[PDB]
Amino acid sequence: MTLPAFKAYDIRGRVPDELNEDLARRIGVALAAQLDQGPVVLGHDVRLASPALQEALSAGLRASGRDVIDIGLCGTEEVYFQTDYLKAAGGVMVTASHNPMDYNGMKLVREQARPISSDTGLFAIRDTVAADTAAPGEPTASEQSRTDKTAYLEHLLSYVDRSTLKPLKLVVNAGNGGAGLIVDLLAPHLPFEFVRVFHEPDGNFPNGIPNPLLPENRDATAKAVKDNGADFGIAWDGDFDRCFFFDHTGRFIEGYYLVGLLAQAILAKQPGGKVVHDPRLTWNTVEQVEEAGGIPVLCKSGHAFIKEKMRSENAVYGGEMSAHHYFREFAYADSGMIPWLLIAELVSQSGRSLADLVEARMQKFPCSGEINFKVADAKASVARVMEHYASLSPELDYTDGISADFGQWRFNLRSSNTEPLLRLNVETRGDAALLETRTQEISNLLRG
Ligand SMILES: O=P([O-])(O)O[C@H]1O[C@H](COP(=O)(O)O)[C@@H](O)[C@H](O)[C@H]1O
Ligand SMILES: [Mg+2]
């Protein structure tokens with residue numbers, strides 16, 4: 001067989017059977033053989049096993065003559081940022097992001113924080129690790145501790161005009177992951193009044209694993225916003241490369257609408273820029289990008305496709321509906337911090353609530369949300385859907401699965417690249433009734 005921890009985009013498995021210190025050391029050795037010359041940045045999240053896995057990675061890297069730059073406990077985006085900023089050969093973040101207690105993992109990047117994925121080196125590393133029975137060598141390179149965050153913090157703050165910010169009251173919910181450290185380092189430089197929820201880093205996760213999409217976790221941010229009259233609320237996953245927004249009513253804002261909102265915010269600073277978006281939900285993003293004078297660029301779903309497209313297009317911003325936001329100035333990488341700073345600046349400058357910034361867009365382009373289906377035969381299920389709709393002659397696009405545009409409504413239906421699932425997204429032109437009837441019709445076809 002093959003090591004199951006090696007996934008499409010990263011390494012993730014249960015400790016110690018799928019991932020352990022020995023495997024981590026072998027990954028470090030194998031990674032050294034894949035990178036161009038230079039040092040390697042290492043960081044880790046709040047999980048209990050994360051430091052020991054990073055230490056093993058470092059031991060393997062240094063046995064292979066790689067200098068290591070230890071940036072310590074951090075968010076994933078800090079590995080991306082420091083890898084690029086320090087002109088490193090590559091970087092590894094030790095993290096399980098949002099997963100359970102017995103699980104950990106790694107996200108690997110090369111120069112300029114370019115992704116290393118299954119077909120761009122990650123499976124090559126897997127195969128090297130799988131066959132490596134060599135004795136651990138001893139270190140031939142050094143490790144340096146670089147825990148200064150100053151350049152990262154300055155970079156984050158450079159996205160906003162601090163003189164235009166208003167003293168908004170913001171709920172912030174780190175979910176006992178790592179985001180609170182950065183909020184607290186940014187706070188002396190911002191006028192906001194923070195209401196801190198689940199703020200302390202705690203790898204035992206007393207308040208639940210850090211996954212703001214779980215309704216019970218969602219409600220903790222919503223309640224804090226409502227009870228404190230906050231302007232909005234922000235929650236992060238554990239490694240804080242995703243952020244999640246709650247308006248002043250406590251309503252969680254579906255991520256689709258943030259792509260168009262953030263695109264408009266960025267285009268005010270970089271006029272005429274290209275904006276990359278995914279194919280799942282599109283109409284609102286295309287319109288808002290064009291209305292702000294930008295050029296929208298359709299791209300297959302997945303961070304590696306989006307980053308590659310942004311690079312080839314010099315795109316200023318790219319966004320996925322699923323809370324991933326990528327910024328050219330940030331080494332084309334995703335940040336869970338830049339988005340809320342941009343939104344706080346937009347609320348401050350415009351005098352409009354976050355609710356009102358999105359309300360008309362949500363009415364104009366209602367969407368189903370991503371609905372997942374585990375079916376007996378995905379290919380037969382997809383064929384049942386396409387046969388049912390054939391007589392309507394939709395405009396079809398195979399950029400990523402099947403996109404079908406019927407005029408007043410459209411869907412995207414695709415197989416996940418990460419799990420054996422079918423994923424459905426539907427949207428309409430301002431018609432909630434059509435959205436529901438079509439979503440239910442497709443759902444019935446898929447399950448039949
Ligand atoms: O959810 P994550 O953090 O693993 O995120 C990863 O998988 C997601 C879902 O991919 P798919 O729909 O093909 O399964 C991608 O959108 C995302 O860019 C990628 O970083
Ligand atoms: Mg994450």
# chains A, B, ... in the order shown; residues from 1 in each chain; ligands from 1
$ residues_around --residues "residue 416 in chain A" --least-positions-apart "2" --cutoff "10 Å" --atoms "only C-alpha atoms" --output "PyMOL selection string"
chain A and resi 301-302+372+400-401+413-414+418-423
$ residues_around --residues "range 378-382 of chain A" --least-positions-apart "4" --cutoff "8 Å" --atoms "only C-alpha atoms" --output "compact mmCIF listing (two decimals) with N, CA and C atoms, in the first residue's frame"
# COMPACT_ATOMS: atom_id res chain seq x y z
N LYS A 374 -22.41 11.42 -0.21
CA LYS A 374 -21.72 10.14 -0.32
C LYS A 374 -22.69 9.16 -0.96
N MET A 386 -27.36 14.84 -15.22
CA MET A 386 -27.19 15.46 -16.52
C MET A 386 -28.26 14.98 -17.50
N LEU A 413 -21.20 20.75 -9.87
CA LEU A 413 -21.22 19.43 -9.25
C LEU A 413 -19.88 18.79 -9.55
N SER A 415 -16.49 16.04 -8.11
CA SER A 415 -15.88 15.12 -7.16
C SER A 415 -14.80 15.86 -6.39
N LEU A 421 -16.22 12.16 -2.27
CA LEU A 421 -17.54 12.77 -2.14
C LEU A 421 -17.89 13.53 -3.41
N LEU A 422 -19.20 13.67 -3.65
CA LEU A 422 -19.73 14.61 -4.62
C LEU A 422 -20.15 15.88 -3.90
N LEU A 445 -32.04 13.38 -7.34
CA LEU A 445 -31.39 12.63 -8.41
C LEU A 445 -30.10 11.99 -7.92
N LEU A 446 -29.30 12.73 -7.14
CA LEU A 446 -28.02 12.21 -6.65
C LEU A 446 -28.22 11.01 -5.73
N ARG A 447 -29.23 11.07 -4.86
CA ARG A 447 -29.49 10.01 -3.90
C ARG A 447 -30.20 8.81 -4.50
N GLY A 448 -30.81 8.97 -5.67
CA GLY A 448 -31.58 7.90 -6.29
C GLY A 448 -30.74 6.83 -6.96
$ residues_near_ligand --ligand "ligand 2" --cutoff "8 Å" --atoms "only C-alpha atoms and all ligand atoms" --output "ChimeraX atom specification"
/A:76,96-98,237-242
$ closest_residue --among "A:106, A:156, A:306, A:182" --to "ligand 1" --atoms "only C-alpha atoms and all ligand atoms"
A:306
$ residues_around --residues "residue 3 in chain A" --least-positions-apart "4" --cutoff "8 Å" --atoms "only C-alpha atoms" --output "list in words"
residues 18, 126 and 130 of chain A
$ closest_residue --among "A:370, A:290, A:427, A:111" --to "ligand 1" --atoms "only C-alpha atoms and all ligand atoms"
A:370
$ atom_distance --atom1 "CA of residue 122 in chain A" --atom2 "CA of residue 303 in chain A"
14.7 Å
$ residues_around --residues "residue 31 in chain A" --least-positions-apart "2" --cutoff "9 Å" --atoms "only C-alpha atoms" --output "NGL selection string"
:A and (26-29 or 33-35 or 60-61 or 90 or 108 or 121-122 or 125)
$ residues_around --residues "residue 250 in chain A" --least-positions-apart "5" --cutoff "6 Å" --atoms "only C-alpha atoms" --output "list in words"
residues 222, 225 and 226 of chain A
$ write_last_selection --atoms "C-alpha atoms" --output "short mmCIF file (atom, residue, chain, number, x, y, z; two decimals), in the first residue's frame"
data_model
loop_
_atom_site.label_atom_id
_atom_site.label_comp_id
_atom_site.auth_asym_id
_atom_site.auth_seq_id
_atom_site.Cartn_x
_atom_site.Cartn_y
_atom_site.Cartn_z
CA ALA A 222 -22.91 34.66 17.55
CA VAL A 225 -21.73 39.46 19.25
CA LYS A 226 -25.39 39.77 20.24
#
$ residues_around --residues "residue 348 in chain A" --least-positions-apart "2" --cutoff "7 Å" --atoms "only C-alpha atoms" --output "PyMOL selection string"
chain A and resi 164-166+344-346+350-351
$ write_last_selection --atoms "N, CA, C and O atoms" --output "compact mmCIF listing (two decimals), in the first residue's frame"
# COMPACT_ATOMS: atom_id res chain seq x y z
N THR A 164 -7.99 55.86 9.15
CA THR A 164 -9.40 55.83 8.77
C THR A 164 -10.20 54.85 9.61
O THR A 164 -11.43 54.77 9.44
N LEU A 165 -9.55 54.08 10.47
CA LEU A 165 -10.26 53.06 11.23
C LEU A 165 -11.04 53.71 12.36
O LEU A 165 -10.59 54.67 12.98
N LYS A 166 -12.22 53.17 12.61
CA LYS A 166 -13.07 53.59 13.71
C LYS A 166 -12.97 52.59 14.85
O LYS A 166 -12.60 51.44 14.65
N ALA A 344 -12.85 45.27 8.52
CA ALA A 344 -12.96 46.31 9.54
C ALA A 344 -12.72 47.68 8.94
O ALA A 344 -13.37 48.67 9.33
N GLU A 345 -11.81 47.78 7.97
CA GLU A 345 -11.56 49.06 7.33
C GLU A 345 -12.75 49.47 6.46
O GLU A 345 -13.12 50.65 6.41
N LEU A 346 -13.38 48.50 5.79
CA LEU A 346 -14.52 48.82 4.94
C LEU A 346 -15.70 49.30 5.77
O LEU A 346 -16.33 50.30 5.42
N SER A 350 -16.95 53.16 5.26
CA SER A 350 -18.21 53.30 4.55
C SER A 350 -19.36 53.76 5.43
O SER A 350 -20.36 54.27 4.90
N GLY A 351 -19.26 53.57 6.75
CA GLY A 351 -20.40 53.80 7.62
C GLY A 351 -21.49 52.77 7.52
O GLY A 351 -22.56 52.95 8.11
